[PDB]
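Enquirer: Here it is, the structure, as structure tokens.
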Amino acid sequence: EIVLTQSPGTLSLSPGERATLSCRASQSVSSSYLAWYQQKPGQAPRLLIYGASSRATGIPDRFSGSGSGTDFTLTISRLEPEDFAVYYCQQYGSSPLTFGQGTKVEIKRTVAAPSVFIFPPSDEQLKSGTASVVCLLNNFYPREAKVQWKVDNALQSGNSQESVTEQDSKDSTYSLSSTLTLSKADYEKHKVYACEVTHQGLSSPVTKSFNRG
Amino acid sequence: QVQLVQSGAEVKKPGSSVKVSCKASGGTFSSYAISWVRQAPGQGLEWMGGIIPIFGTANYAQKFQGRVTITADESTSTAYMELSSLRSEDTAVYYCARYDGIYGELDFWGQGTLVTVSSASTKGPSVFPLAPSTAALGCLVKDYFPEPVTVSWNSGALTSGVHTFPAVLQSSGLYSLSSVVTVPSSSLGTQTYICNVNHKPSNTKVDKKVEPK
């Protein structure tokens with residue numbers, strides 16, 4: 001079995017720039033039997049390059065593949081606004097036919113700090129027996145951010161889930177919501193509900209909190 | 001120019017089997033190869049098997065081998081993908097991909113088929129309001152099954168500044184989702200805000216008025 005690795009993880013550029021994408025293989029690939037694909041959020045993949053370095057029909061000029069054996073490249077010379085998506089290198093040499101973990105091409109913009117907001121659980125939900133505290137991180141860049149839940153300055157982990165949006169087309173930013181879920185009983189046992197956010201657009205961590213009631 | 005149409009999405013209990021159909025129509029090339037690629041939510045691309053329907057030859061992936069059979073009814077050009085002995089890990093969107101012409105340079109894909117493998121059964125969502133802090144407000148679509156759901160605001164009248172976040176999977180096996188919207192502070196005690204939550208699978212549409220409490 002052959003394993004494929006791509007670099008970097010995400011790639012942050014702007015329309016009109018050159019993109020250089022990598023694919024380190026752990027073994028040799030039949031002369032040059034590696035493919036490149038495009039994928040936009042919630043859509044079927046799209047073959048772009050076959051046999052390491054051959055454009056599929058329809059695929060525009062800017063695209064091109066290079067290298068063979070165990071090391072491969074994909075290169076977009078001038079980025080178009082439609083060329084921002086996930087890219088996957090795939091080998092069709094030896095079974096099982098394997099894919100890479102992929103590379104994201106996102107729009108690079110100037111850093112933006114998150115607008116942090118915290119919502120206490122509704123009246124209606126507290127009747128049903130469970131409490132959900134939502135922490136919202138709005139319109140921030142880059143995507144890397146931390147959320148640390150605190151309940152009476154006892155740090156939490158395990159009892160919350162989170163979820164990030166896809167990059168906004170309007171302002172090139174992301175948004176993340178985190179939900180701290182625990183029972184009616186557990187929510188009443190405590191006083192302070194804090195949400196500590198550590199994004200690089202902040203000088204130091206930010207804490208948004210509320211006292212129950 | 002061929003037209004690949006996949007079967008409707010479905011939900012199966014663990015242990016059972018699934019059969020995903022993929023209809024093809026058009027394209028003179030009657031020597032085509034069919035590939036089946038799945039994608040678990042958030043994860044990369046994963047190949048499963050490939051068949052050349054005409055020849056009758058078919059390969060499979062090391063991982064699944066035994067659990068997966070790929071058949072083809074040559075008369076209606078419909079490819080098939082049967083995965084048995086299902087586990088939670090098998091929850092994914094599944095794609096059929098047709099490859100035409102010598103090198104296989106012609107790229108054609110199905111729309112994808114969502115297979116949800118879970119114990120817990122079809123249930124409606126409970127919409128809880130996230131009361132306002141420009142000020143931010145939103146809804147919490149909690150405890151539904153299966154995916155997807157659709158959230159809009161004022162029947163689509165408010166679509167500016169809305170963030171619907173990807174769902175998360177709770178330990179209960181049900182999905183939780185939150186929608187938020189940045190609105191003007193001044194419009195609070197004057198303008199009506201209602202989120203419309205549509206859940207086609209469970210046959211449930213619920214509207215909820217969000218206001219300060």
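Keeping their order, the protein sequence lines are chains L and H.
First residue of the first sequence? That's 1 in the deposited numbering, and the numbers climb one at a time after it.
Just so you know, the second sequence maps onto residues 1 to 133, 141 to 220 in the deposited numbering.
Ideal placement from N, C-alpha and C gives every residue a C-beta, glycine not left out.
From what residue to what residue does the alpha helix (DSSP H) around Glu124/L run?
Expert: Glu124/L -> alpha helix (DSSP H) spans 123-128.
Enquirer: Does any residue of chain L have a CB that is nearer than 8 angstroms to the CB of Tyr103/H?
Expert: Yes, because at least one Cβ of chain L sits closer than 8 angstroms to the Cβ of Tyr103/H.
Enquirer: Specify the secondary structure class of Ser21/H as computed by DSSP and reduced to three states.
Expert: Looking at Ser21/H - three-state DSSP - the assignment turns out to be strand.
Enquirer: In chain H, which residues lie with their C-beta within 7 angstroms of the C-beta of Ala56/L?
Expert: The contacting residues are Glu105, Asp107.
Enquirer: Please name the residues in the region 113-134 of chain L whose beta-carbon is closer than 9 angstroms to at least one beta-carbon of chain H, in chain order.
Expert: From the region 113-134 of chain L, only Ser115, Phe117, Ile118, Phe119, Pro120, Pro121, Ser122, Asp123, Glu124, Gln125, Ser128, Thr130, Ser132, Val134 have a Cβ closer than 9 angstroms to chain H.
Enquirer: Just to confirm the assignment, what range does the beta strand (DSSP E) spanning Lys215/H have?
Expert: Element bounds for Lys215/H: 211-217.
Enquirer: Quick check: the region 61-69 of chain H against the region 203-210 of chain L, are there 3 or more CB pairs under 8 angstroms?
Expert: Because the criterion of three Cβ pairs below 8 angstroms is not met, the region 61-69 of chain H and the region 203-210 of chain L do not touch.
Enquirer: Under a CB-based cut-off of 8 angstroms, is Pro208/H close to chain L?
Expert: No, because no Cβ of chain L sits closer than 8 angstroms to the Cβ of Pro208/H.
Enquirer: Just to confirm before moving on: does the CB-CB distance between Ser179/H and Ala142/H stay below 8 angstroms?
Expert: No. Outside cutoff.
Enquirer: Check each candidate in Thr173/L, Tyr193/L, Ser163/L, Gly16/L and name the one with the smallest Cα separation from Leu182/L.
Expert: Closest option to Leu182/L, Cα to Cα, is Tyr193/L.
Enquirer: Any C-beta of chain L sitting closer than 8 angstroms to the C-beta of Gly8/H?
Expert: No, its Cβ sits nowhere closer than 8 angstroms to a Cβ of chain L.
Enquirer: Can you name the start and end residues of the beta strand (DSSP E) that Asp107/H belongs to?
Expert: 106-109 is the extent of the beta strand (DSSP E) around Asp107/H.
Enquirer: Of the residues that make up the region 41-59 of chain H, which ones have a beta carbon closer than 8 angstroms to any beta carbon in chain L?
Expert: The region 41-59 of chain H vs chain L, Cβ under 8 angstroms: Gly44, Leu45, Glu46, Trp47, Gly50, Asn59.
Enquirer: Residue range of the alpha helix (DSSP H) that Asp186/L falls in?
Expert: Run containing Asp186/L: 184-188, per the alpha helix (DSSP H) assignment.
Enquirer: Measuring CA to CA, which of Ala56/L, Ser64/L, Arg46/L is closest to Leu21/L?
Expert: It is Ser64/L.
Enquirer: Tell me where the beta strand (DSSP E) around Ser186/H begins and ends.
Expert: Run containing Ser186/H: 182-190, per the beta strand (DSSP E) assignment.
Enquirer: Closer than 7 angstroms by beta-carbon distance: list the chain L residues that pair up with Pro173/H, in chain order.
Expert: Result: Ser163.
Enquirer: Which residues does DSSP list as the beta-bridge partners of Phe29/H?
Expert: Note: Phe29/H sits in no beta bridge, so no partner.
Enquirer: Leaving out five residues before and five after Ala9/H in sequence, what residues of the same chain have Cβ atoms less than 6 angstroms from its Cβ?
Expert: Cβ neighbours of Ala9/H beyond the five flanking positions: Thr113, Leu114.
Enquirer: I want to verify the contact list: residues of chain H whose CB lies under 9 angstroms from the CB of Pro45/L, in sequence order.
Expert: Under the 9 angstroms cutoff, chain H gives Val37, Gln39, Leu45, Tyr95, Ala97, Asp107, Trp109.
Enquirer: Do you know how far the Cα of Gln200/L is from the Cα of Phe152/H?
Expert: Distance between the alpha carbons of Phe152/H and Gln200/L is about 36 angstroms.
Enquirer: What residue does the beta strand (DSSP E) around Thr73/L start on, and which one ends it?
Expert: Where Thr73/L is concerned, the enclosing beta strand (DSSP E) stretches over 71-76.
Enquirer: Would you verify that the beta carbon of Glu188/L is, or is not, closer than 8 angstroms to some beta carbon of chain H?
Expert: Answer no: the Cβ-Cβ gap between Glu188/L and chain H never drops below 8 angstroms.
Enquirer: Grouping DSSP H, G and I as helix and E and B as strand, with all else coil, what is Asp73/H?
Expert: The answer is strand: DSSP assigns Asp73/H an E or B state.
Enquirer: Measuring CB to CB, does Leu45/H end up less than 8 angstroms from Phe99/L?
Expert: Cβ distance < 8 angstroms, so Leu45/H and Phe99/L count as in contact.
Enquirer: My guess is that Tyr80/H and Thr71/H are in contact by the Cβ rule of under 8 angstroms, so how many angstroms apart are they, rounded?
Expert: Between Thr71/H and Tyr80/H the Cβ distance is about 4 angstroms, and since that is below 8 angstroms, they are a contact.
Enquirer: May I have the straight-line CA-CA distance separating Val29/L from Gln91/L, to the nearest angstrom?
Expert: If you take the alpha carbons of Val29/L and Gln91/L, they lie about 7 angstroms apart.
Enquirer: Just how far apart, CA to CA, sit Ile118/L and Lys108/L?
Expert: Using only the alpha carbons, I get a separation of about 28 angstroms.
Enquirer: Which residues of chain L have a Cβ atom closer than 7 angstroms to the Cβ of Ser133/H, listed in chain order?
Expert: Here the neighbours are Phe117.
Enquirer: So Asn210/H and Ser159/H are supposed to be a Cβ contact under 8 angstroms. How far apart are they, rounded?
Expert: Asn210/H to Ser159/H, Cβ: 18 angstroms. No contact.
Enquirer: Which chain H residues are close to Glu1/L, counting only those with a beta carbon under 8 angstroms from its beta carbon?
Expert: In chain order: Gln62.
Enquirer: By a C-beta neighbour count over all protein chains shown, 10 Å radius and 16 as the cutoff for buried, is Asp73/H buried or exposed?
Expert: Exposed, since its Cβ has fewer than 16 Cβ neighbours within 10 Å.
Enquirer: Contact defined as beta carbons within less than 8 angstroms: I believe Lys123/H pairs with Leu86/H. What is the distance between those atoms, to the nearest angstrom?
Expert: About 20 angstroms separates the two Cβ atoms, so there is no contact after all.
Enquirer: By the 10 Å Cβ neighbour count, where 16 or more other Cβ atoms means buried, how is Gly50/H classified, buried or exposed?
Expert: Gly50/H should be labelled buried.
Enquirer: Whose Cβ in chain H lies nearer than 9 angstroms to the Cβ of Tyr88/L?
Expert: Correct list: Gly44, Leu45.
Enquirer: Can you tell me where the beta strand (DSSP E) with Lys13/H in it begins and where it stops?
Expert: Segment: none, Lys13/H is in no beta strand (DSSP E) and carries neither H nor E.
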